[PDB]
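Here the structure comes first, spelled out in structure tokens, and everything after it is commentary.
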Ligand SMILES: Nc1ncnc2c1ncn2[C@@H]1O[C@H](COP(=O)(O)OP(=O)(O)OP(=O)(O)O)[C@@H](O)[C@H]1O
Ligand SMILES: [Mg+2]
């Protein structure tokens, strides 16, 4: 019982948190600086945190920026447009292969 | 002198007995409730609010 | 196979350098950095 | 104490919140959603919503202040 | 000095000249591998045994903190007074900001991007370069694999294009003595499936200048002002670099007759075409840039793109004759194991209408049909089946010999 | 002359918002 309530309390604690922006990288820079392009508008030069190495960073990727002070947060799945839903059939409850006949 | 001004928008569909989806003129849309004594029968989709 | 793999590795181990901020020689900075540049952010305003 | 904690967690979405639209899911309890005001965001998700309803796109609810997905 | 050669070539070493399972190749690639491992080891020791570091001069951190941590990028537009320039942000909001020291007040010029602070919004630096990731991506850096050895015999065309794009670089003594400007524009036209892109690949494989490659229906954006600006930046980045060359493929998507009609999007297409047309040969200068432009139908082009002065040489690729078919067959089946029975004479002479890609497909189909019955060596009947059973869609004409 | 035509698009300019000034003048 104690473990269960502790877990729930911690989750509630975490939900009280601020969001973050997502940004496109155009190129890295020297001495821990990146050049990013925030979605609404802007062209910023931002700093990385301690848990990410620059060599992970390459042009045209998605990074998360802390909204409080514009720092690199992490690197996340690369871009795609909205039209991928109709593409890549995900389940195939389809016909078999032997009912063709001829 | 103490009035406030208010946003004008339109009711989209009704969602549940107390929840409505509404949209501003040029802002985003929102999910909202409806006030005390407000005769909800009038709240047809498309009405001005 | 391992040729191309080590190619990938050797190219990643290389990135770039910039030195493109336009900073002047330190003599031009003078001690003006503290004296008036520090005393220039707060006194003025943007004035659109 | 457990009862009281559930009581607090219940009143986290009974708020006049905003509609976004789902964009992508990265891993468990985390996603990327673009709000109707532009400004594409990246936020946790609540621990009680069913997962298999949000693959390609959807009308999702976003907390007014924290942008937490509900 | 401009950005210089900026060469684009991996091209490690091709010598696999044995082209079989011989020892020479094994020892040679052994040498290649051990040199590459040696260089990797050197760079590891270079990065591992660095003992010296202070790198702050007790003031670099001072300048770093004086400027804000999340610096933003803006566009200078005027400089009315010293220490009081005027800049603007993205949204077009100007601000009468100040100019601080520690910024070389030499290289700033109206229209150049600058680095600005947040809280006070003054100018704190200059951004050296700004190229969007739609033009740097067009560039090539790993050369494609082919070379002149694979071409099936086009001596006239090869010699022509070599005098066009390659010769003025290596041996530029003659042209000055004669007093001529070498040609700058080339069109490659003809039926489909003949080799127009092979010469592009082969030229890009062996060169010394920068190579830029663009496909036709890509110079188009929807915001009414991006097309022509992107074209202008393309030519700017080409010219600031080395003696580069640009390859525009499948043009007819861009240039077609410039007529007058109703819709605004088509007006945008025409506007972009016309901007490129100016860029290539307009007012004062052109620079040291060559342009190759490839298409499979030519009559539907605007007469203003083709006139000499803008495009100086036109090169037609015709269907192969019986001399060339033997060369093509000899090339595409070189690395094939093959039986003593077959004679390519019958295949080349029986038909009189086919092209390079067609020959390649015949080769692969025949080899696969030989595999079908659990064999490796190829025989004559396999080639017969390959030619006749598929690889032929048909057409009709001149019925029943009205002429005799 | 029937129509199957198309067109381009201009952007939406309205994007700016005010922000709290943080001048430090004594
Ligand atoms: N003379 C030749 N020697 C060797 N290979 C050839 C020759 N002519 C054609 N080929 C073959 O043709 C193909 C090259 O494509 P090609 O350059 O003909 O296309 P294209 O003319 O650009 O066609 P499209 O109109 O489809 O774009 C390769 O498979 C190449 O092997
Ligand atoms: Mg082609």
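Protein chains in written order, with the working numbering: chain A, 117 to 218; chain B, 221 to 269; chain C, 228 to 275; chain D, -18 to 51; chain E, 3 to 406; chain F, 3 to 28. In this text, a Cβ means the ideal position worked out from N, Cα and C, and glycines have one as well.
Asked, Found
"Interface flag, residue 26(F) vs chain C, CB-CB below 8 Å", "yes"
"Those runs of the beta strand (DSSP E) which lie wholly inside the stretch 48 to 86 of chain E and span at least 3 residues", "74 to 83"
"Bounding residues of the beta strand (DSSP E) (the contiguous stretch that carries residue 366(E))", "Note, residue 366(E): premise wrong, no beta strand (DSSP E); alpha helix (DSSP H) at 358 to 374."
"Whether residue 117(E) touches residue 136(E) by CB criterion (8 Å)", "no"
"Other residues of its chain near residue 51(D): CB distance less than 6 Å, five sequence neighbours each side excluded", "-6, 27 and 42"
"beta-carbon residue 199(E) near ligand 2 non-hydrogen atom, thresh 7 Å", "yes"
"CB contact below 8 Å: residue 270(C) versus chain F", "yes"
"Opposing strand residues paired with residue 1(E) [DSSP bridges]", "Any question about residue 1(E) goes unanswered here, given that chain E covers just 3 to 406."
"Below-8 Å beta-carbon distance, residue 242(C) vs any chain A residue", "yes"
"CB-CB length for residue 230(E) against residue 274(E), believed under 8 Å", "6 Å"
"Chain-ordered chain D contacts of residue 248(B) [CB-CB under 8 Å]", "-1, 0, 16, 17 and 18"
"Touching by the beta-carbon criterion (3+ pairs, under 8 Å), the stretch 103 to 122 of chain E and the stretch 71 to 82 of chain E", "yes"
"Interface flag, residue 186(A) vs chain D, CB-CB below 8 Å", "no"
"Rounded distance between the beta-carbons of residue 187(E) and residue 291(E), thought under 8 Å", "About 10 Å; that fails the 8 Å criterion."
"Residue 145(E) beta carbon less than 8 Å from that of residue 12(E)", "yes"
"Residue 152(E) beta carbon near ligand 1 (any heavy atom closer than 7 Å)", "yes"
"Inter-residue spacing [alpha-carbon to alpha-carbon] between residue 5(D) and residue 32(D)", "12 Å"
"Neighbour-count burial assignment, residue 123(E), 16 or more Cβ in a 10 Å radius", "buried"
"Straight-line gap, residue 206(E) to residue 272(C) (C-alpha atoms, nearest Å)", "55 Å"
"Collapsed DSSP secondary structure at residue 145(E) in the structure displayed", "coil"
"Buried/exposed call for residue 327(E), threshold 16 Cβ in 10 Å", "buried"
"Neighbouring residues, chain E, relative to residue 251(C) (Cβ below 9 Å)", "103, 104, 105, 106, 107 and 108"
"Cβ pair count under 8 Å reaching 3, the stretch 239 to 257 of chain C against the stretch 105 to 115 of chain E", "yes"
"Under 8 Å between C-beta atoms of residue 27(F) and residue 266(C)", "no"
"Cutoff 8 Å: residue 120(E) Cβ touching any chain C Cβ", "no"
"Proximal residues to residue 265(B) (C-beta, below 8 Å), its chain only, five neighbours per side dropped", "231, 232, 233 and 234"
"Residue range of the beta strand (DSSP E) that includes residue 318(E)", "315 to 318"
"8 Å Cβ cutoff met for residue 331(E) and residue 361(E)", "yes"
"Residue 124(A) in three-state terms, based on DSSP", "helix"
"Anticipated Cβ contact below 8 Å, residue 295(E) with residue 182(E), distance rounded", "Not quite, the Cβ-Cβ distance comes to about 22 Å (not below 8 Å), so this is no contact."
"Cut-off 7 Å between Cβ atoms - residues of its own chain near residue 149(E), not counting five sequence neighbours on either side", "204, 207 and 208"
"Start and end residues, alpha helix (DSSP H) containing residue 119(E)", "Per DSSP, residue 119(E) belongs to no alpha helix (DSSP H) and is neither H nor E."
"Contacting positions in the stretch 71 to 83 of chain E - beta carbon closer than 9 Å to chain A", "71, 72, 73, 74, 75 and 76"
"Near ligand 4: residue 404(E) beta-carbon under 7 Å from a heavy atom", "Ligand 4 is not among the ligands present in this structure, which contains only ligand 1 and ligand 2."
"Residue 2(E) CB to nearest heavy atom of ligand 1 below 7 Å", "Since the first residue of chain E shown is 3 and the last is 406, residue 2(E) is not available in this structure."
"Validate contact between the stretch 210 to 228 of chain E and the stretch 243 to 255 of chain E using beta carbons, cut 8 Å, 3 pairs", "yes"
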